Amino acid sequence: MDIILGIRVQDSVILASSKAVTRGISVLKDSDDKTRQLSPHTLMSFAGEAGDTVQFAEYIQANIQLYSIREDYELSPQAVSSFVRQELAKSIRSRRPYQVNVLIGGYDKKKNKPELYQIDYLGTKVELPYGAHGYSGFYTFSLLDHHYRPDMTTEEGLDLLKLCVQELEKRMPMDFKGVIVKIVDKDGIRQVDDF
Amino acid sequence: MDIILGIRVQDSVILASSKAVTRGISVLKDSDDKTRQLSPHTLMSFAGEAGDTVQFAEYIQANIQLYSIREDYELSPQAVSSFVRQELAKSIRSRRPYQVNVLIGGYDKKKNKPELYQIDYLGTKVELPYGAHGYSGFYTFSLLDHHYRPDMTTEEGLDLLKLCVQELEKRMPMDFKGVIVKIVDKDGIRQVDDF
Amino acid sequence: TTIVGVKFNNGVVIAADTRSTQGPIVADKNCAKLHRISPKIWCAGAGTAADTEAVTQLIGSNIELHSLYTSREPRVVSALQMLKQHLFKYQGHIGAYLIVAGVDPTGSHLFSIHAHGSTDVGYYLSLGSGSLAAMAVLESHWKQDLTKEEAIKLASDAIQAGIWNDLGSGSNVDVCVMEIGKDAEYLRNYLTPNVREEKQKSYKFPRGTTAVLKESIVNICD
Amino acid sequence: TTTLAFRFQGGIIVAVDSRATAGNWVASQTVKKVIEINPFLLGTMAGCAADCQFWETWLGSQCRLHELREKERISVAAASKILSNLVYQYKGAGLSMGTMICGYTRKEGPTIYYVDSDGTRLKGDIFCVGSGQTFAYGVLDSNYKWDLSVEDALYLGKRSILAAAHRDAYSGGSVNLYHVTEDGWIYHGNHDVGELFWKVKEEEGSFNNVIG
Amino acid sequence: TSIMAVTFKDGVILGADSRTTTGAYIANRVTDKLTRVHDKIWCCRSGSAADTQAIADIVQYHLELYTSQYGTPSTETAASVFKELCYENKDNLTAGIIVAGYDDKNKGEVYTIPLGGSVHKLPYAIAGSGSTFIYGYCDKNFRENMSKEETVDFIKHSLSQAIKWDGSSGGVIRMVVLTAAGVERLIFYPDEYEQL
Amino acid sequence: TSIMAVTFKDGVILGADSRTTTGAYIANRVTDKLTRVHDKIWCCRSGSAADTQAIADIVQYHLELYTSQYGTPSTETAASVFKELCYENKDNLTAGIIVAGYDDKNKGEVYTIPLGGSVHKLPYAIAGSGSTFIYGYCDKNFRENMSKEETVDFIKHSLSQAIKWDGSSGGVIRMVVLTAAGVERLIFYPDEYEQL
Amino acid sequence: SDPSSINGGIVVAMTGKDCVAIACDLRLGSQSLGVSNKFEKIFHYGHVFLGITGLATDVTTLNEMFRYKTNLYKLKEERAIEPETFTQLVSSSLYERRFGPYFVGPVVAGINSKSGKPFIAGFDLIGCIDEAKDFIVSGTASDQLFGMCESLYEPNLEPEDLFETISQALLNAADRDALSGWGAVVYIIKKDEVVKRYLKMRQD
Amino acid sequence: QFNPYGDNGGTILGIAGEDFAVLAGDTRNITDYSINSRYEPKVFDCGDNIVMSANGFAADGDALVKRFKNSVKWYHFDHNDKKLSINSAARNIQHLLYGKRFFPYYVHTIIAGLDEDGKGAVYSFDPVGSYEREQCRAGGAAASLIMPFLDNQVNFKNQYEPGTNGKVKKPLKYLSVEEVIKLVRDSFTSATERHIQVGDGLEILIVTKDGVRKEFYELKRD
Amino acid sequence: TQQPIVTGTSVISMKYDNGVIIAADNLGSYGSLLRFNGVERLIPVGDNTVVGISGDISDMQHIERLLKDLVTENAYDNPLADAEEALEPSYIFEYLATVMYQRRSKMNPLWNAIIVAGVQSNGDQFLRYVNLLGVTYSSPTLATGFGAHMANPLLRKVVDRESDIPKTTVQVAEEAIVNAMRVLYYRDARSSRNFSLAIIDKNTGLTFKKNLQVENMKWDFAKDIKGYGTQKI
Ligand SMILES: *[C@@](C)(CO)[C@](*)(O)[C@H](Cc1ccccc1)NC(=O)[C@H](Cc1ccc(OC)cc1)NC(=O)[C@H](C)NC(=O)CN1CCOCC1
Ligand SMILES: *[C@@](C)(CO)[C@](*)(O)[C@H](Cc1ccccc1)NC(=O)[C@H](Cc1ccc(OC)cc1)NC(=O)[C@H](C)NC(=O)CN1CCOCC1
Ligand SMILES: *[C@@](C)(CO)[C@](*)(O)[C@H](Cc1ccccc1)NC(=O)[C@H](Cc1ccc(OC)cc1)NC(=O)[C@H](C)NC(=O)CN1CCOCC1
Ligand SMILES: *[C@@](C)(CO)[C@](*)(O)[C@H](Cc1ccccc1)NC(=O)[C@H](Cc1ccc(OC)cc1)NC(=O)[C@H](C)NC(=O)CN1CCOCC1
Ligand SMILES: [Mg+2]
Ligand SMILES: [Mg+2]
Ligand SMILES: [Mg+2]
Ligand SMILES: [Mg+2]
Ligand code: NA
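- As deposited, the entry is annotated with X-ray crystallography as its determination method and 2.80 Å as its resolution.

- Looking at the PDB entry, one finds chain H named Proteasome subunit beta type-6, with Saccharomyces cerevisiae as its source organism.

- If you check the PDB entry, chain E appears there as Proteasome subunit beta type-1 from Saccharomyces cerevisiae.
- The UniProt entry for chain E carries the following text under Catalytic activity: "Cleavage of peptide bonds with very broad specificity."

**A few points about the overall build of chain E**
Part 1 of the argument: Across its full length, chain E carries five helices and twelve strands.
Part 2 of the argument: Since a compact globule built from 196 residues should have a radius of gyration of about 16 Å, the 16 Å found for chain E is in line with a globular shape.
Part 3 of the argument: Taken across its 196 residues, chain E has 60% of its residues classed as buried.
Part 4 of the argument: Within chain E, contacts between residues at least 6 apart in sequence are counted, and of these 61% link residues at least 24 apart.
Part 5 of the argument: A total accessible area of about 7,300 Å² is found for chain E, and carbon and sulfur atoms account for 47% of it.
Part 6 of the argument: Looking at chain E, you have 19 positive and 24 negative side-chain charges, and the mean spots of the two groups are 2 Å apart.

**Brief notes about helix 4 (residues 154–171) of chain B**
Part 1 of the argument: Between its terminal C-alpha atoms helix 4 of chain B stretches 26 Å, which fits the 26 Å expected from 18 residues at 1.5 Å a residue.
Part 2 of the argument: Turning to helix 4 of chain B, the residues buried within the fold contact strand 1 (4–8), strand 2 (13–18), helix 3 (137–147), strand 11 (179–185) and strand 12 (188–192) of chain B.

**Side note on the coordination of the magnesium ion (ligand 7)**
Part 1 of the argument: Within the first shell, the magnesium ion (ligand 7) binds the protein through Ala165 of chain D (O), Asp168 of chain D (O), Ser171 of chain D (O) and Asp204 of chain G (O), at distances of 2.1 to 2.8 Å. Each member of the pair, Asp168 of chain D as well as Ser171 of chain D, is classed as buried.

**Notes on the packing of aromatic side chains**
Part 1 of the argument: As enumerated under the stated definition, the model contains 54 aromatic pairs over all chains in all.
Part 2 of the argument: Between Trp55 of chain D and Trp58 of chain D, the ring centres sit 5.3 Å apart and the planes meet at 80°, which makes this aromatic pair edge-to-face. Linking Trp55 of chain D with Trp58 of chain D, this pair stays in helix 1 (residues 49–70), spanning three residues, or about one helical turn.
Part 3 of the argument: The class of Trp55 of chain D is buried, set by a relative accessible area of 7%.
Part 4 of the argument: Among the residues examined, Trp58 of chain D registers a relative accessible area of 26% and is labelled partly exposed.
Part 5 of the argument: An aromatic cluster is present here, built from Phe54, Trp55, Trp58 and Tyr90 of chain D together with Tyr98 and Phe102 of chain H joined pairwise through their rings.

**Digging into the site of ligand 2**
All names here are of chain D.
Part 1 of the argument: Within the structure, ligand 2 sits among 15 residues, and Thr1, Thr21, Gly47, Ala49 and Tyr170 are positioned closest to it.
Part 2 of the argument: Here an oxygen atom of ligand 2 sits 3.1 Å away from a polar atom, N or O, in the main chain of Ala49.
Part 3 of the argument: For ligand 2, the protein covers 75% of the area, taking 770 Å² as the surface of the free molecule.
Part 4 of the argument: When the residues that make up the shell around ligand 2 are grouped by side-chain class, the tally is seven nonpolar, five polar and three charged.

**Digging into a negative patch on the surface**
All names here are of chain A.
Part 1 of the argument: A grouping of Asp151, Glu155, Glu156 and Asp159 is seen on the molecular surface, where their side chains present a negatively charged patch.
Part 2 of the argument: Tracing the chain through its elements places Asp159 in helix 4 (residues 154–171).
Part 3 of the argument: Given the relative accessible area of 44%, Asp159 is considered partly exposed.

**A look at the interface of chain G and chain C**
Part 1 of the argument: Contact with chain G, which involves 38 residues of that partner, is made by 35 residues of chain C.
Part 2 of the argument: Summing both partners gives a buried area of about 3,200 Å² for chain G against chain C, and 55% of it is carried by carbon and sulfur.
Part 3 of the argument: Here chain G is connected to chain C by six salt bridges.
Part 4 of the argument: In this structure, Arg207 of chain C and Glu160 of chain G form a salt bridge, with 4.0 Å as the shortest nitrogen-oxygen distance.
Part 5 of the argument: At the junction of chain G with chain C, the criterion picks out 17 residue pairs in polar contact.
Part 6 of the argument: Every element with two or more residues in the side of chain G that touches chain C is listed here: strand 9 (129–131), helix 3 (142–152), helix 4 (159–174) and strand 12 (193–199) of chain G.

**As for the interface of chain E and chain I**
How large an interface is tends to be reported as the accessible area lost when its parts come together.
Part 1 of the argument: Contact with chain E, which involves 34 residues of that partner, is made by 25 residues of chain I.
Part 2 of the argument: When chain E packs against chain I, the two sides together hide about 2,700 Å² of surface, and 54% of this comes from carbon and sulfur.
Part 3 of the argument: Of all residues in chain E, the largest losses of buried area upon contact with chain I belong to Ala24, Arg29 and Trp165 of chain E, amounting jointly to 24% of the total for that side.
Part 4 of the argument: Counting across the chain E and chain I interface gives two salt bridges.
Part 5 of the argument: The salt bridge partner of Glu194 of chain E is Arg193 of chain I, with a shortest N-O separation of 2.8 Å.
Part 6 of the argument: Looking at the side of chain E that touches chain I, the elements that each hand over two or more residues are strand 4 (25–28), strand 5 (34–38), strand 6 (41–47), helix 1 (49–70), helix 4 (148–165), strand 12 (183–188) and helix 5 (190–193) of chain E.
Part 7 of the argument: Take the side of chain E that touches chain I: its biggest share by element is four residues, from strand 4 of chain E.
Part 8 of the argument: When grouped by side-chain class, the residues that make up the side of chain E that touches chain I number 15 nonpolar, seven polar and twelve charged.

Parameters and conventions
- Positions along each chain are numbered from 1 by the written sequence. They may not match the entry numbering, and residues without coordinates are not shown.
- Labels are handed out in written order, letters beginning with A for the chains and numbers beginning with 1 for the ligands.
- This view holds some of the chains of a larger assembly, and the values cover only those chains.
- The basis for every side-chain value is the complete set of non-hydrogen atoms in the structure, without hydrogens or water.
- UniProt positions are given in the numbering used here, feature names are shortened, and annotations may be inferred rather than shown by experiment.
- Numbering of helices and strands runs from the N terminus; a helix is a DSSP stretch of H or I covering at least four residues, while a strand is a stretch of E covering at least two.
- For this measure, only C-alpha atoms enter the radius of gyration; the expected value for a globule follows 2.2 Å times N^0.38, where N is the number of residues.
- Only protein chains enter the accessibility calculation, which uses a 1.4 Å probe; a residue whose area is less than 20% of its type maximum is buried, one above 50% is exposed, and one in between is partly exposed.
- It only takes one pair of heavy atoms within 4.5 Å for two residues to be counted as in contact.
- Surface exposure here means Shrake-Rupley accessible area, sampled with a 1.4 Å probe, where a residue is shielded only by the protein chains that are shown.
- We score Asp and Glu as negative and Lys and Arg as positive, and we do not count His or the chain ends.
- A charged residue contributes its charge at one atom only: NZ of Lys, CZ of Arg, CG of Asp or CD of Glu.
- In this scheme, a helix's expected span is set at 1.5 Å multiplied by one less than its residue total.
- Only nitrogen, oxygen and sulfur atoms qualify as donors, provided they sit within 2.8 Å of the metal or within 3.2 Å for Na, K and Ca; with water excluded from the atoms, sites may seem incomplete.
- Whether two aromatic rings pair depends on their centres lying within 6.5 Å, for rings of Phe, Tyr and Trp, where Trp uses its six-membered ring; planes under 30 degrees apart make the pair stacked, over 60 edge-to-face, and the rest tilted.
- Residues are classed as near a molecule or strand on a simple rule: at least one heavy atom within 4 Å of it.
- Polar contacts, as used here, are pairs of N or O atoms within 3.5 Å; protein pairs need one atom able to donate a hydrogen and one able to accept it. Residues neighboring in sequence count only if both atoms are side-chain atoms.
- Polar here means any residue outside two lists: the nonpolar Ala, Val, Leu, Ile, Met, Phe, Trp, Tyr, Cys and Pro, and the charged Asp, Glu, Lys and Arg; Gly therefore counts as polar.
- Any residue with relative accessible area above 30% and no salt bridge may belong to a patch, with like charges joined within 9 Å and the nonpolar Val, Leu, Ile, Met, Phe, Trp and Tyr side chains within 5 Å.
- The salt bridge definition used is simple: a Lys or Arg side-chain nitrogen within 4 Å of an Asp or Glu carboxyl oxygen.
- A quick way to say it: buried area is the sum, across both parts, of accessible area lost when two parts are put together, with a 1.4 Å probe.

Set out below in structure tokens:
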């Protein structure tokens, strides 16, 4: 875990997530996908404590999928994010809290609008044009403050994202083995294979 | 600081040293040379606590250079290493010890033999065919146990060294921004510019 | 805080200051530390502000229900017993230091309760950060067979000692007099010796001084 | 703090913020974090204000004594090393200094040296130092080219501090710009973030995260 | 605190000072440390005021309920109930209690219950911070089958010294006399005992 | 330890037990805690055996050197030298010393020096762990201008009680009598003092 | 790791002549890192306004909680809750979590629809009610707000004047706190109209 | 363990005009919740038209002032009775404070006077020697309360010109001694209301080319 | 770094129209043990100053010796030692205050709280405090330890500010001091009944009173107090 980014543009939400899984002085894996599809038009990336991350992600995934089957209807990104926040808000006052930070990127089909939510392990939710968790934000936020425009295309968003990854690869101490990029739009979720 | 390697072959000693200087969550420099020439046929790489490293390296350098001028004669690599060890052996029981680990690669002109010495901050000296300091050794020693032969050429030694850097770049958690390689032989010290 | 309780001829009187602190900052300049448990049983509270309020309301509620159940006017010892058993149960973690007083069919009473659940009896008592300043006055001027007017004076004098000399106490003096055979009179702001002087200047700004970005009407109706 | 200084075609740009903190208390918004050591030498300050202020003024006295004794302006290398050797003597005692010695000499050309309180001394083309160094790096690195004009370089340095002043809670106040050439340093004014932000937002079209 | 209980010919006498401290500040200088758990069974309390108070209240409740079913309890029974509370809650209590009572069969009896919760039946008992200073005096001066006047003097002189040396002890000397005649409360002021 | 020094008509008497402990083990049951710093100036040692020993040795050296130059020192002078060592090295010492001596002008004198290094001139003094148990007894029984036999009994009875209650005290009761007549050493065994 | 100063923020409330005002900053950060510049801390349940400072997860949680409670209140009582009553509900709810509290500093503001009286109140994280005639302050720059309010405030200000006073109290207090600022919102509340203004403040 | 530091409370305030400067400070001295003195001055005339105050730990503050006063004395001896300029005094104080960098003087120091052009000057210091010239500065316990008020009323921060759409700032201008003293008095009365360590009295020292004048005003004693 | 062993409690004092009064009990506590009862904690320096000391007694005895030595040293080569160049209270105070602060700065303090009361050569009343931290302050009333909490409130009712000093007589001032000492005996657990009191007047000079006792104490009301609440018997 470590680097997870998110950028909301005109017609889509783009999530970038690092591929490295390190333990001790060994990079155990360099092709790890730090995300789960909660519903056809909702994607959640995650980062934090080992074990907790995937256990939490899959638990949320199961609940959203259960809702979808029960009502034969997809929950809005806003509704999913509120559900996720509440689960983390419960968690923080538990015996052993989930130490997991998440980004929820979704496309609301009723509003025809992309939406990006940033939620930390305390249950602190915010809707943003661009978001990041961990040390990544200390570089990317200022960079995006400068280069981001609200009316950008998906292609412009990917170039904006390349600019973030380049900066991180230059100044971050750890080798995070690149990122897996995924786009969320009106047509659902798809993965960019060449980044 | 972090990664410093050394390989003694048939006719030369090859020192590889990482270029990254990191402080906090920022890589401040990616072209740092972690070595000093003590004499025409003796090179010392170093790694450890910030400030201590360069301060120690330059202090040793000054002393060896002073000796060279006084006697109009170059000290043997064995003699230089013994001097360095004693300085660290004093240091460890000082009020504030030098926290510096070093590799001393040299070519003895009287014996016509390359020599590699590994000395830690405690003043623990060993002559070796190949050496490393820090976490690097946990990968490179076993690798060199397998691939190293005592009668290898300088070119074979560089390929053997490339094999180490590749392994480290694959499995090490931190981005160390490549290495500066230097060769010590009968003709003195020279730097490989394309590695 | 600074709180006191004084017994007299035909009853008992309690008093308190009106300062509330959060560190070195005065949170409330005119807070109410005199609490009604029952009509003729009042409580003065020092310590953790919310604890003194909550513990006094809880026992006051249970006292009202008890009074209705027994068809009797509540007694001070009942409030004392209920308070001390509640506080003891929480091993001091509910930081309420109370002076309980009142009149009932048995007579007039004055007690003090500490956070850990220990109770005292006395003719004159003082609790809080300014209790030493107050007790100095009480020990100097108290006597047996005080009148009502003498007891109110002694009580408010003891609170004033805390107001002036203790940094944890200030502002005004609240009093509550509980006399036998009469209604208890709650004297809110009996003394107000710390009125703020006229300011040297009016800091009313010229309209338009503050820069504004947006305006909008908020809908509060259905 | 946030301080930067980078080397380019037309010399050196140096830009700093002006905030001073005492925890979350904003102690000042009008502080000088650049010291003019001589007409060709600058020093940036970051860390403990007193340590930075005291020892860099002391550094200027040592640089003055050098040119009296040697009849020649001190090199950027030698000036930086006086300071780094000084703090190394105090290593462990608790000094907190993040400094950049920027200047020009004939033998060296435009030169920048990073010097900090744990004894690290590094020569380099680009450095950002302080609590908001990362925010400045993000903007600076992504727009930096060697062939920047003096006008563009000055702006990039100003814009990089602004970026950090915005995001970093412990940076802000105003931007102090400097430009170092072969003829010496040139001051390019104090720029209050209170006005500069809105001016940049409007003209550049950036900072879309903020409510306009 | 300084407290003691002494058996004698006609019964038993309890004695105590009146000082309650919160550090070096005297929170109450007229405290009543002698408490009734039954008609002719009383106790002297030392240690935590809150703990000893809560215990005595529970014991008073138990002995009231005992009396309702089985008639007057023995002094040994009262001490057993004190012990049971003190022993089973030893990790959460700081209570040093002396139990004293008068039966007509057993006459005067004294039981001391230290911190641990152990029970010790004795001819006389001393406890509290100020008791350390009078172990020597009390051992040398105590006699069995003393008179009422001799026992009052013994307690008065003993607590006088305990009060003199212990800063945590002072105020008035309260006493409670337990005999077949009934219950008598006594008090002695500083002006009297200080100059003994 | 239990130690004491008492002035009387003809001079002064020092008294002490003989128990030395290392925890609950009695390392020496026949210790001599009464030590000579000058012909007729002695001290009672309580606290760290090593510290009090080192101090007494230095004082003996100072008073020997004083005598060589200025003649016999006063008991006050001896106490001043003790104090100076105890006060100036208070952070590194655990020594409670009673100084007692006999002049012909000043007769018997007693100075007590507690942990801090303060000096207190008194009619009589008690110190050591076992002294706590006899404050009450000693205050009630001490009189000024006692006889030798009365003072010996006072010390014997006092230390007897201190030994009885204090586990850190025991063994024999040693005493040293300081008068114009000279120096007399006394000893009293358990079989005698225990049944007082 | 002090819950009350991780996210940052401030709230201030004032009374005027037949009106009340409540204001807040817009910052939400993670210590030094500023994350959001749209995080409003003032909510309303009918005509009763509530501002909440402190740990942002609890701010969000309590809003959702009081929305829940006031919605049920209205269904059963068949009327909107009043400020004095809501103040008591807040105190109850906070003290319910006495030994595991919400790390917040709430502020109630509103006008009683029956009596027409302006009402403001403040709380500590455990429920202690702080009622006031003049003003209430809360947040990481509470010291600053106390100093600005105590000097600038005067009684019986008209809505248009009160707006200037509260806005200047907030703005200058926020600029001396690192964790507060990044935008601001002011609510001016009259008996039957409410105006909400976004202030222009320095963005550092 | 022995703690060599203490907190004696109080607060100070310096404002600079065009041809004058003021340095004010309350006269209250405290430890914990007790008042030590209601009138213990901590703003001193140090000679050469320099006034100084070191607020925080009084023992350290008195020591520093004492050392600086002595520094002025020896400056005269060693440099032919030359007048010590306010800028030179500031630098001297930095060295006094930094000399104890690893065992600091626990004080926030402020000095005031006139610069070499005759204009009013205020310099402020942290405990270890960092200093800066400003028009305005509050120091001590209630500095967090007062300082933002001064930013608003002395440097006209966040104040725009009415009707200019928040585009034109309120222009900076020097204040009259009469206006400055109004701000000082209002600053301290406000601080006294909400800070328990501030009160009793206010002593102001005004510095003009004619010399040093004093003014005293009562403050609330609770 | 120290810890106090044998200690002395409150020292209280105040100014009146012609001079100053100071008082302190005669106890030397050893923790909770009231060990020594003949301790004098008021030490006169000349015929115009009295130094009242609380805290560690070993350190008090050290200060006694310093003051004793100060008188001797001042007499050296000084024909006006008993006249114009006699020791003033302000001289004695400043000396102690210098020592106290030097010792705290060496992290080896004299664990005391000191009040120097006296009358200057020009008739002015002198009253100033200094403690182990080197902290100094002056006021119409000064007190140490518990005295600061209980005595000052009572003494400030008599002299609340500077203008109240000329209005206060020695009879009124002494009465307030003696009352304060009684209140401290009621409430301070490390206090004694016996105490000393000193008056330094500009006309009558130094009057040192020893072996005073607290009297006219109210204890009678104790007889009516039972248990801790419900106890009727
Ligand atoms: C005087 C003023 C104490 O200084 C009084 O005791 C006063 C009592 C009082 C009673 C009713 C209404 C108002 C005031 N006490 C306080 O004002 C009290 C002081 C205090 C703070 C913290 C404490 O424990 C750490 C104990 C006492 N102030 C408060 O309770 C304030 C309102 N609340 C807080 O500071 C928040 N507390 C909640 C409990 O845990 C610690 C933080
Ligand atoms: C940004 C604002 C983060 O602080 C900058 O680093 C800024 C740099 C700077 C440079 C010159 C003049 C002013 C400011 N640094 C600070 O403002 C600095 C933060 C800091 C404090 C203490 C540190 O370690 C000791 C490191 C950094 N603030 C201060 O120095 C403040 C004004 N002073 C104090 O905190 C006083 N302390 C210093 C340490 O010793 C005790 C007293
Ligand atoms: C003497 C003073 C010492 O043993 C007596 O035992 C005395 C006995 C007594 C007092 C009043 C009523 C009946 C009996 N004990 C006290 O006065 C007691 C001292 C004490 C407190 C706590 C102890 O350990 C928990 C042991 C002894 N005083 C109190 O209990 C006072 C009322 N309260 C406090 O000191 C507050 N405490 C609560 C417990 O935790 C420490 C703070
Ligand atoms: C009674 C027994 C206890 O108070 C006396 O004070 C007695 C005095 C004495 C003994 C022999 C000769 C002359 C005087 N003291 C001891 O027996 C003493 C107990 C003691 C040990 C350490 C102390 O603090 C430093 C205080 C009192 N026993 C010893 O000194 C024995 C011989 N040694 C030890 O116990 C070893 N100590 C070394 C110091 O630290 C812990 C272990
Ligand atoms: Mg977040
Ligand atoms: Mg024995
Ligand atoms: Mg900022
Ligand atoms: Mg007060
Ligand atoms: Na900082």
